[PDB]
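Let me begin by presenting the structure, written as structure tokens, before commenting on it.
Note: ideal-geometry Cβ built from the backbone for every residue, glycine included; neighbour counts use all protein chains shown. Taken together, the values in this text are just the output of simple stated rules run on the coordinates, not laboratory data.
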Amino acid sequence: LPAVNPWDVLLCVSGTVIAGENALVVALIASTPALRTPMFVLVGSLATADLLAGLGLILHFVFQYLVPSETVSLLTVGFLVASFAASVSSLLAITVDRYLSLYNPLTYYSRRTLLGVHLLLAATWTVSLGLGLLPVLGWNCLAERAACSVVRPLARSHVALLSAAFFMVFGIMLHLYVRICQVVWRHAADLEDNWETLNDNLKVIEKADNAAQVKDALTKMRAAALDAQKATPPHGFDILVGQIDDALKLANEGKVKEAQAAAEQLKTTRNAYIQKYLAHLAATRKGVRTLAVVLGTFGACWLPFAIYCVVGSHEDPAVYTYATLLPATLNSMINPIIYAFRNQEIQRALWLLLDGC
Ligand SMILES: CC(=O)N1CCc2nc(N3CCC(Oc4ccc(F)cc4F)CC3)c(N[C@@H]3CCOC3)nc2C1
């Protein structure tokens, strides 16, 4: 157990597992058009990052025993560096994709969103690969004037910069998650206000002998409906808007009795629409909850190492290194599992192949 070679073969098999599952997920995102939305494209990018993690550690074992050259091991640590950086970057990317999709989904138009998503993938993979290559350029720890970090051949200075960057990145991701929550809080609160106003309007319509009270209540009802529509395009209540338009038409041309009757008929469509929006908000809560779980798991798995690699002592037992990498490494293993157990849309494809086979 405390032995490093048994640990090494253990992590070798685990990284084989990790690379396989990540490759499967990337294939599903690339092959399924239903999974081609910004969110799932970014999720596939993270799958690729964890794939790189598994592949890099497999290669690091493969060479570690029976390697041709150290140069290659330096490149493979570049691999692991790139996997970590891509994972963290794409995680922030999914956070912002969620925040943008929910903040004002109408502004979540295809042009800027597809532009942003492809830009995010480019700026993530470019940066991550550049970092992974930096130790190749001469940013490693193999000099008589440079101290080696726990993960050779990475220097303590550069791993320290990586750790501090990761900490600040994680803090920013947390703030963005809280902004996301705020957005959803408001989307629900404004809807509750509109329900109060709409029920008050329907109530006050019945108790009025003047044709102008009906017009006022119907206009306020229309405004409330249009606000609720503005909240989230992401199954149509434009029908309710149209029924309110019919009621307004009748009300204007001196049709009080039948205008009130139409405002009553609005009750059926209002029941349907109010039943509708609740499912939407439940789905939003589910997606945001999955985001939160993923963030928590990533932090818990990596922060141990993120701290140790800097506070490491260069004379401590080897076990500490494992105890910090084992969470961090198996984070790549656990990430594929989460979405499957939770995200139903991609879980569908997971079970689809069995129908195929
Ligand atoms: C000798 C040996 O056992 N090797 C060779 C070197 C090695 N390097 C790893 N990475 C390198 C980059 C580093 O990134 C940072 C992470 C946190 C920081 F705060 C600052 C960093 F810079 C994380 C650790 C690593 N981790 C993998 C990643 C996926 O599962 C475990 N496994 C190994 C295996």
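Here the convex hull built on the C-alpha positions of the chain has a volume of 159 cubic angstrom per residue.
Based on the inverse mean of 1/r over its pairs of different Cα atoms, what is the Kirkwood hydrodynamic radius of segment 158-218, in Å?
Numbers: mean 1/r = 0.0644 Å⁻¹.
Taking every pair of different Cα atoms in segment 158-218, averaging 1/r and inverting gives 15.5 Å.
Using the Cβ of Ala143 as centre and a radius below 13 Å, the other residues enclosed give a net charge of +2, where K and R count +1 and D and E count -1.
Dividing the summed helix terms, -39500 (n - 2.57) for each DSSP H run of n ≥ 4, by the number of residues in the chain produces a 222 nm estimate of -30000 deg cm²/dmol to the nearest 500. Residue-normalised convex hull volume from the C-alpha trace of segment 49-207: 127 Å³ per residue. As a calculated quantity, the FRET efficiency between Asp216 and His175 at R0 = 41 Å, using C-beta atoms, amounts to about 0.40.
Over segment 187-278, what per residue volume does the convex hull of the Cα atoms give, in whole Å³? Don't skip to the answer; put the middle values down first.
Values: hull volume 7.1 nm³, N = 92.
In segment 187-278, the Cα convex hull volume per residue is 77 Å³.
Taking Cβ atoms as reference points and 13 Å as the exclusive limit, the residues near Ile337 contribute a net charge of -1, counting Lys and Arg as +1 and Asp and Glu as -1. Could you please report the charge total around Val294, scoring K, R as +1 and D, E as -1 over all other residues with beta-carbon less than 12 angstrom from its beta-carbon? Once all neighbours under 12 Å are counted, the net charge is +2. Given Cα pairs under 8 Å that are at least 6 residues apart, what percent is the relative contact order of segment 51-135? This gives 41 percent for segment 51-135.
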